[PDB]
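Visitor: Okay, handing you the structure first.
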Amino acid sequence: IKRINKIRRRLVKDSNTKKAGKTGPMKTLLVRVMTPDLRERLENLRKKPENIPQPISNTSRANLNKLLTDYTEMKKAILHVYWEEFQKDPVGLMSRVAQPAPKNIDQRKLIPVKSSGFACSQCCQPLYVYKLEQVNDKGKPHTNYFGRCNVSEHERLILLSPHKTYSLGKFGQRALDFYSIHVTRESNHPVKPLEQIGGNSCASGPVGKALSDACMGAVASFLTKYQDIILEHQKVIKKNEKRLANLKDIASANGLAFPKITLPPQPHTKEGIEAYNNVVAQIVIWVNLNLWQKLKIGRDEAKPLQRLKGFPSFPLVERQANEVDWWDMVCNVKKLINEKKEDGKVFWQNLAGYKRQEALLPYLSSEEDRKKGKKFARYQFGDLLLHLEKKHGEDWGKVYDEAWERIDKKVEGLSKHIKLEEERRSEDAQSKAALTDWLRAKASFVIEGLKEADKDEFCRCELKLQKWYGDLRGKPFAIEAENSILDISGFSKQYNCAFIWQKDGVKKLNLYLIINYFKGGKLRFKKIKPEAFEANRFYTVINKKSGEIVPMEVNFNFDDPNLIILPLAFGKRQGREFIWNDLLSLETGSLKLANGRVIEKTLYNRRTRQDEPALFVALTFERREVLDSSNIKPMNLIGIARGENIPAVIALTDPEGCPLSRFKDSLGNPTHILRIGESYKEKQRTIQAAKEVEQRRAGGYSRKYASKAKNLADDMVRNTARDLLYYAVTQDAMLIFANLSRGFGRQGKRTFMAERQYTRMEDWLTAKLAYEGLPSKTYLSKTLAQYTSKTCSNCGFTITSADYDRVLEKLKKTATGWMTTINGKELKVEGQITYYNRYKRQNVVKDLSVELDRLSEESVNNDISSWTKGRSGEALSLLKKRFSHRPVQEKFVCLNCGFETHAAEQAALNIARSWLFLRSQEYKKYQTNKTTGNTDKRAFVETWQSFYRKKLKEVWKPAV
DNA sequence: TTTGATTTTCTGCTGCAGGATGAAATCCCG
DNA sequence: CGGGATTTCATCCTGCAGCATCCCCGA
RNA sequence: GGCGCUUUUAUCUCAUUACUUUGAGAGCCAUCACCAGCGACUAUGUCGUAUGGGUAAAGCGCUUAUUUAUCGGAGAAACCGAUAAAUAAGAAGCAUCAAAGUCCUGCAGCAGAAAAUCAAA
C-alpha cells in the first residue's frame with residue numbers, strides 16, 4: 001500500500017506535537033465558484049442528486065465585474081505615476097524604497113565611518129555609515145553597515161551592503177506610506193484613483209490597503225533586480241574590454257582592416273543597452289566574417305565578446321500592446337507590393353542570357369528538399385516559372401504578366417475563402433499561413449530586382465515587409481486575454497471580508513464567502529458564547545494576534561444590492577485536507593486562515609473547443625502546530641541518481657555498505673535496485689512532436705496542447721516524491737541526494753524546459769517534508785558527486801584524463817599490431833568507433849588500427865611524441881571514444897577489469913558509498929594535509945581510490 | 001551541404017524576487 | 001454617546017566545503 | 001482522433017461538494033468532395049490527395065410496436081413465440097478501475113517553429 005496521507009498519519013502518530021513558530025508552514029487551496037454551468041453539469045448525472053445547490057445570483061456578478069475593472073484601472077494609474085517618477089530620478093526613487101531596520105536595534109553604536117554612500121530624500125543630506133560586529137550561535141562574526149542621518153527626524157537605521165562601493169540590501173513593500181499619499185483626503189497629489197476611477201463608490205480602507213502592497217511588491221522587485229544587475233554589467237564590461245585588444249592584435253597580425261567603433265559606457269536605461277548590444281553584435285559579425293572562416297582560426301584563440309543580458313523593465317507600462325488588425329496589415333502588404341510592378345517587369349524583361357540562370361538560383365529546390373513531403377511556395381513559384389519557360393520559349397516579356405495573373409488569382413481565392421470562413425464562426429489557421437507565405441513569395445519575386453540599384457530604399461522596404469510578415473504570421477495565435485485579481489489583505493473584522501458557515505451539531509457545515517467592499521452594504525458581527533450555536537445561523541471564527549480564537553457570529557441579508565455572495569465547490573479530499581480535517585481544526589485554532597484572492601482566468605473546455613473566462617477562489621492556510629524531530633534516527637541509506645533517460649534510480653544499502661535485497665523486481669526476486677518515473681521521456685517527446693507537426697502546418701499549436709507538458713511533468717515529480725518518501729519511511733532509512741548547483745541542466749540544441757526536473761524534485765520533497773515541521777537536514781541530505789559515475793564496483797578504478805596521457809605515450813606498433821599496457825595489464829588495439837556529427841546524417845564507422853596505421857603514414861617509426869598539435873588531437877580522441885567507460889548511456893564498461901553492467905545503478909550505489917565516505921576518518925587526514933596550500937585534486941583521487949579498495953577488501957565482497 | 005553569426009515573430013517552461021495585516025488612533029455622527 | 005469609518009505603523013531570526021555531477025557529435 | 005460507464009479513495013474504526021489533473025479499465029465509430037492547401041501534367045485549368053473548416057458516426061440486452069425472408073396455422077394468410085436484419089421509443093444495471101493537487105504579481109533567460117542577409121566545407 002502506497003498512499004501519501006497514510007505516511008503523513010504514521011509520521012504524526014509516531015511523534016509528539018508542539019506549537020509552530022512565528023510564521024508556520026503555509027499551504028494554498030484553490031477551488032471554483034459555483035456557476036450555473038456547474039449546476040447544469042451536475043443535473044446531467046445518471047443518478048441525479050437530491051439537494052442541488054443554488055448558483056450565484058445575477059446581482060453579485062455585475063458587482064464583481066465592475067469592481068475588478070476599477071481595481072485594474074487604479075493599479076495601472078498608480079504604476080504609470082511611479083513610472084514617470086522613476087524616469088525623472090532613479091536614485092531618488094531607489095533611495096525612497098529602502099527598508100529600515102526594526103525600531104528596537106538601539107544597541108550602542110561603536111564605530112562610525114572612518115561616508116557618503118547614500119542619502120535620505122527628506123532632508124537631502126548624505127547618510128553616514130555605522131558598523132557593528134556580532135557573534136552568532138556558530139561563532140562566525142559578520143559586520144552590518146547602516147545608514148543614519150544627522151537630523152533627529154531622519155535618524156533611521158537604513159541597512160547597507162558593502163562591496164570590495166556600497167549597496168542598499170533590502171527593499172520592503174510597507175516602507176513607503178502609500179495610504180497617506182494616495183488615498184487619504186489630506187493629500188494633494190493629483191492622482192486619487194479611488195476618488196477618480198472608482199467614482200467614490202467603494203470603501204477606502206481595505207481597497208487602498210490592498211492596492212498599496214499590490215503596487216509596492218512589483219516596484220520593489222523591479223528595483224531589487226536593477227540594483228542587482230548594475231554590478232554584473234560592470235563586471236561584464238571590464239571583462240569584455242580586454243578581449244577587444246586580443247581580437248585587434250590577432251586581426252592586425254595579418255594586416256586586417258578593422259572598423260573603428262568605440263564601446264559606450266555602462267547604460268542606465270534600456271536604449272543604451274540596445275546600442276551597446278548592437279556594437280557587440282557588429283563586432284561579432286565582423287569577427288565571424290573575417291577571422292574564423294576566411295583565416296580558419298579557432299574560437300578559443302580569438303574568443304567572442306559578450307552581451308549585456310537580463311536588464312529588467314518597469315512593471316506593466318513598458319509592455320508593447322501591439323494591437324493591430326490582420327486585414328489592415330494584409331491591405332498594407334497588397335498596396336505596397338502593387339507599387340513595384342513596372343521596375344520588376346523592366347528588370348526581368350531586360351536581362352541578358354546566362355545571368356538569368358544564376359538569377360533564378362534561389363528558385364530551384366534540392367533533391368533532398370523535393371522528397372520531404374512538401375515544398376515551399378517560393379520553390380513552387382520557381383517551378384511555375386520553369387513551366388512557363390518550357391511552354392513559351394524565351395519570350396520573357398509576357399511571362400511576368402502570366403505569373404502576376406496566376407498569383408493574383410491564388411491570393412484572391414485565398415482571401416475569398418478566408419473571409420467566408422471567418423464570417424460566421426469559423427477560424428482557419430492553415431489558410432492564413434498559406435496566404436502569408438504566398439504573399440512573401442510574391443514580394444520577394446517583385447523586389448529581387450532592386451537589391452543593387454538603391455540599397456537604402458531596398459533595405460527600408462525589407463524591414464517593412466519582414467515586420468509585416470512576422471506580425472501576420474504571429475497574430476492568429478496572439479493571446480489577448482489577461483488575468484484579473486482581487487486582493488483580500490486579511491480575514492478580520494477590520495477588513496470587512498467574511499468567510500462564514502453554519503452548524504448542525506456536527507462539522508457538516510455549509511460554505512459561503514462574503515465580500516463587502518461597496519459603500520452602503522451592511523454586514524455585522526456579534527460576539528457569542530463559544531458553544532451557543534443555533535440553527536439557521538451562520539457562524540465563523542476570528543483569530544487573535546495573541547493566539548486566542550474568538551467564535552464570532554455574523555448576521556446579514558441575502559438581498560442586499562451592495563453585497564457579494566460566493567458559494568464554493570470542491571471535492572472530498574480538499575475538504576478533509578483543509579475544511580473539516582480531523583487533526584487540524586480551524587475551530588480549535590490549530591489551523592489559521594491567512595488571506596486569499598479572487599481570480600478569473602482562462603480555462604479550456606473540450607465541448608466547445610475554446611477557452612472561456614472562469615472564476616476561481618484561492619485561499620491560503622497557515623499551520624499553527626508542527627511535529628518534533630528529536631526522536632528520529634534513520635539507519636539505512638538510499639542513493640538516487642537523477643537524470644533524463646531515467647528520472648529516478650534508487651539503491652538501498654545498510655550502514656555497513658552491503659546492498660539490501662528488500663525490493664521485488666519485475667520477476668519477483670529480491671534486489672536493491674528500483675526505477676521510478678520510467679517511460680516519461682516518451683510521452684514528453686510525443687507531446688513535443690505533436691506540437692512541432694502542428695506548428696509546421698500553421699505556425700502554432702492550438703490551446704488543446706497548451707499545458708499538457710506542464711501537467712505531465714508535475715504529475716511525475718509529485719508521484720516521484722511520494723514514492724521516494726514512502727520507500728524512506730517504510731524502510732527506516734535516509735535519502736542521499738547528489739550535490740548539484742541550482743538550475744543545473746544541459747543547454748544544447750534538442751533540449752526542452754520540461755525535462756529540467758532536478759531542483760523541482762528536491763524542492764518538492766523538501767516542501768512535503770517541511771509541512772509537518774521537520775528540518776530538511778533530518779530526512780534528507782546532500783553529498784559530493786565527484787567521480788561517482790567514473791568508479792568501478794568490481795575493481796574500483798576511476799578513469800582519469802591523466803591516465804589517457806600516460807597510456808598514449810606507451811602505445812607503439814608491433815608485429816601483432818599496436819599494443820599498450822596499463823599497470824602491467826596488456827591491451828589490444830583492435831576496435832571500431834561509431835558517432836553522429838549531424839550534417840551528413842548517416843551511420844558511419846571507422847577502423848581503429850587502419851586509421852592508426854593511416855596516422856602512421858605521416859610519421860617515421862611511429863614516434864608519437866614528435867607529432868604536431870593538430871594531428872595529436874586526433875590521436876587521443878580516437879582512443880578516448882574507443883576506450884570510453886560510457887560508450888552508451890545505459891551501458892558501462894570498465895577498462896582495468898572489463899566489467900559490464902547498467903550505468904546508473906553503479907553510480908547510484910557509489911552515491912551512497914560517497915556519502916558514507918565523507919563522514920569517515922580518512923577524509924579528515926586529507927583535510928589536514930591540504931591546508932598547506934596543496935590544492936592537488938589528484939590527492940583527492942588517490943584518497944578516494946585508497947579508501948574505496950580498502951573497504952572493498954573485507955565488507956564489499958564483489959558480486960559473482 | 002548544412003553551418004555559424006545577425007534580424008523578425010509567435011509560443012511554453014523554468015529561475016529569480018515579493019509576500020500570504022492586525023493593532024492602535026482619531027474622527028466622526030446621526 | 002457606541003459603532004462605524006478612515007488613518008498610521010511596524011515586525012524575531014544567522015546552510016557549514018570540493019571541482020562533475022545525465023550526456024550523447026562524419027563520408 | 002473521438003463516443004455513452006464512472007469508481008477507488010488516499011479518515012474503518014467513521015462520514016458531506018460536484019473542483020483541477022494523471023493513466024495503465026471493456027465495447028463502438030472515424031465516412032463526404034461542399035470550400036481551401038497540395039503533387040503530376042494534356043496547364044489562366046484537369047485528376048488524385050480527405051492535409052485543414054464544415055457536415056453522419058459512435059454500448060449490451062430485453063419491452064413495445066412496424067418492415068424483409070424463415071421455423072411457426074400444414075400456409076408461406078393478419079397476429080405475433082422464435083429465427084436473422086433494419087426502423088422508432090422509454091425505464092433498465094451499465095459493460096470502469098487506480099493515484100495526486102502552494103498560490104498569485106512582475107521580470108529575465110532558454111528551447112520549439114518558419115522567413116531574411118555573408119563565406120567556407
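Chain lettering (A, B, ...) mirrors the order of the C-alpha cells, residue numbering begins at 1 for each chain separately, and ligand numbering begins at 1 in order of display.
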Pick out the residues sitting within 7 Å of stretch 13-29 of chain B, and hand them over as a PyMOL selection string; count only C-alpha atoms (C1' of nucleotides), and ignore anything fewer than 6 positions along from it in its own chain.
Guide: chain A and resi 217+221+489-490+545+594-595+620+753-754
Visitor: Would you write out those residues with C-alpha atoms, as a PDB file, in the first residue's frame?
Guide:
```
ATOM      1  CA  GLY A 217       5.660  44.460  -4.284  1.00  0.00           C
ATOM      2  CA  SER A 221      11.024  43.600  -7.070  1.00  0.00           C
ATOM      3  CA  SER A 489      -5.473  41.704   2.904  1.00  0.00           C
ATOM      4  CA  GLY A 490      -6.671  39.695   5.889  1.00  0.00           C
ATOM      5  CA  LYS A 545      -2.810  38.254  17.380  1.00  0.00           C
ATOM      6  CA  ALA A 594      -4.240  33.952   6.434  1.00  0.00           C
ATOM      7  CA  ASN A 595      -5.695  35.648   3.335  1.00  0.00           C
ATOM      8  CA  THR A 620      -4.111  30.390   1.815  1.00  0.00           C
ATOM      9  CA  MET A 753      12.484  23.029 -20.296  1.00  0.00           C
ATOM     10  CA  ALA A 754      10.003  20.321 -19.271  1.00  0.00           C
TER      11      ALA A 754
END
```
Visitor: Would you list the contacts of stretch 15-27 of chain C as an MDAnalysis selection string, taking every protein, DNA or RNA residue within 8 Å and counting only C-alpha atoms (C1' of nucleotides), but skipping same-chain residues closer than 5 positions in sequence?
Guide: chainID A and resid 642:645 738:740 784:788 835:840 844 889
Visitor: What is the atom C1' of residue D:10 to atom CA of residue A:639 distance in Å?
Guide: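 These two atoms are separated by 27.1 Å.
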Visitor: Run DSSP on the backbone and tell me which residues of stretch 872-944 of chain A come out as helix (DSSP H, G or I); list them as a VMD selection string.
Guide: chain A and resid 872 to 882 903 to 918 922 to 930 937 to 944
Visitor: Counting only C-alpha atoms (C1' of nucleotides), which of A:150, A:653, A:711, A:496 gets nearest to chain D?
Guide: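 Counting only C-alpha atoms (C1' of nucleotides), the residue closest to chain D is A:711.
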Visitor: Identify every residue of chain D that has at least one atom within 9 Å of any atom of chain A, counting only C-alpha atoms (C1' of nucleotides), and report the result as a PyMOL selection string.
Guide: chain D and resi 9-11+16-22+35-39+44+51-54+99-116+118-120
Visitor: Between atom CA of residue A:675 and atom CA of residue A:638, what is the distance in Å, rounded to a tenth?
Guide: 12.7 Å
Visitor: Write out as a PyMOL selection string which residues come within 10 Å of residue C:10 when counting only C-alpha atoms (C1' of nucleotides), dropping same-chain ones fewer than 5 positions away.
Guide: chain A and resi 102-103+174-175
Visitor: Using only C-alpha atoms, which residue out of A:130, A:363, A:495, A:917 lies closest to residue A:114?
Guide: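 Nearest to residue A:114: A:130.
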Visitor: Can you tell me which residues surround residue D:26 at a distance of at most 10 Å, considering only C-alpha atoms (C1' of nucleotides), apart from same-chain residues fewer than 2 positions away, and format the answer as a list in words?
Guide: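 So, after excluding close chain neighbours, the residues are residues 5, 95 and 96 of chain D.
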